[PDB]
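K.L.:
What follows is the file entry_13.pdb, containing PDB, C-alpha atoms:
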```
MODEL        1
ATOM      1  CA  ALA V   1       0.000   0.000   0.000
ATOM      2  CA  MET V   2       1.528   3.274  -1.191
ATOM      3  CA  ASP V   3      -0.756   6.307  -1.427
ATOM      4  CA  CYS V   4       2.159   8.747  -1.568
ATOM      5  CA  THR V   5       2.194   9.015  -5.366
ATOM      6  CA  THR V   6       5.955   9.085  -5.934
ATOM      7  CA  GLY V   7       7.159  11.435  -8.657
ATOM      8  CA  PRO V   8       8.772  14.818  -9.482
ATOM      9  CA  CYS V   9       5.536  16.659  -8.661
ATOM     10  CA  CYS V  10       5.464  14.909  -5.278
ATOM     11  CA  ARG V  11       7.740  16.534  -2.690
ATOM     12  CA  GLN V  12       7.897  13.064  -1.131
ATOM     13  CA  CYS V  13       4.295  12.210  -0.283
ATOM     14  CA  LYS V  14       2.210  15.349  -0.799
ATOM     15  CA  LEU V  15       0.848  16.786  -4.049
ATOM     16  CA  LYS V  16       3.032  19.858  -4.558
ATOM     17  CA  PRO V  17       1.161  23.210  -4.732
ATOM     18  CA  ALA V  18      -0.007  24.145  -8.232
ATOM     19  CA  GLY V  19       1.986  26.812 -10.044
ATOM     20  CA  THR V  20       5.134  25.580  -8.312
ATOM     21  CA  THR V  21       8.251  24.377 -10.132
ATOM     22  CA  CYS V  22       8.447  20.663  -9.344
ATOM     23  CA  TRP V  23      10.878  19.469 -12.008
ATOM     24  CA  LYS V  24      12.863  22.463 -13.240
ATOM     25  CA  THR V  25      15.122  19.980 -15.033
ATOM     26  CA  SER V  26      18.080  21.654 -16.751
ATOM     27  CA  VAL V  27      17.053  19.818 -19.918
ATOM     28  CA  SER V  28      13.345  20.439 -19.309
ATOM     29  CA  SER V  29      11.637  22.704 -16.772
ATOM     30  CA  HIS V  30       7.995  22.173 -15.818
ATOM     31  CA  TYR V  31       5.500  23.035 -13.079
ATOM     32  CA  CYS V  32       2.943  21.310 -10.854
ATOM     33  CA  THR V  33      -0.787  21.945 -11.193
ATOM     34  CA  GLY V  34      -1.586  20.860  -7.644
ATOM     35  CA  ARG V  35      -3.679  18.122  -9.249
ATOM     36  CA  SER V  36      -1.235  15.201  -9.263
ATOM     37  CA  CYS V  37       2.186  14.114  -8.014
ATOM     38  CA  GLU V  38       3.542  13.666 -11.543
ATOM     39  CA  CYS V  39       4.841  16.764 -13.340
ATOM     40  CA  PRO V  40       3.557  17.197 -16.938
ATOM     41  CA  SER V  41       5.615  16.644 -20.088
ATOM     42  CA  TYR V  42       5.497  20.338 -20.992
ATOM     43  CA  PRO V  43       6.990  23.586 -19.582
ATOM     44  CA  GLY V  44       4.661  25.772 -17.540
ATOM     45  CA  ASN V  45       5.645  29.277 -18.617
ATOM     46  CA  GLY V  46       2.714  30.321 -20.781
TER      47      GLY V  46
ENDMDL
END
```
Written as structure tokens, that's how I'd like the structure from this file.
P.N.:
Amino acid sequence: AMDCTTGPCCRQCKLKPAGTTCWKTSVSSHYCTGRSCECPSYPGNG
């Protein structure tokens, strides 16, 4: 049982706040939509 939702959008076990850089990968920067714990596959700067 793991309801933490591991991922880049998940600080560790809590859906990061929307409009907050979760990934910010040097090769690809994105943002969390406070909807899931998995950052999208697109940059959030528009």
K.L.:
Could you spell out the hits of the PyMOL selection byres ((chain V and resi 31) around 10) on the shown file, as a VMD selection string?
P.N.:
chain V and resid 8 to 9 16 to 24 29 to 30 32 to 34 38 to 45
K.L.:
Where does the PyMOL selection byres ((chain V and resi 5) around 9) land in this file, that is, which residues does it pick, as number ranges by chain?
P.N.:
V: 2-4, 6-7, 9-10, 12-15, 36-38
K.L.:
With 3 Å of padding per side, what axis-aligned box (centre and edge lengths, Å, one decimal) covers all the listed atoms of region 19-36 of chain V? Give it as AutoDock Vina command-line options.
P.N.:
```
--center_x 7.2 --center_y 21.0 --center_z -13.8 --size_x 27.8 --size_y 17.6 --size_z 18.3
```
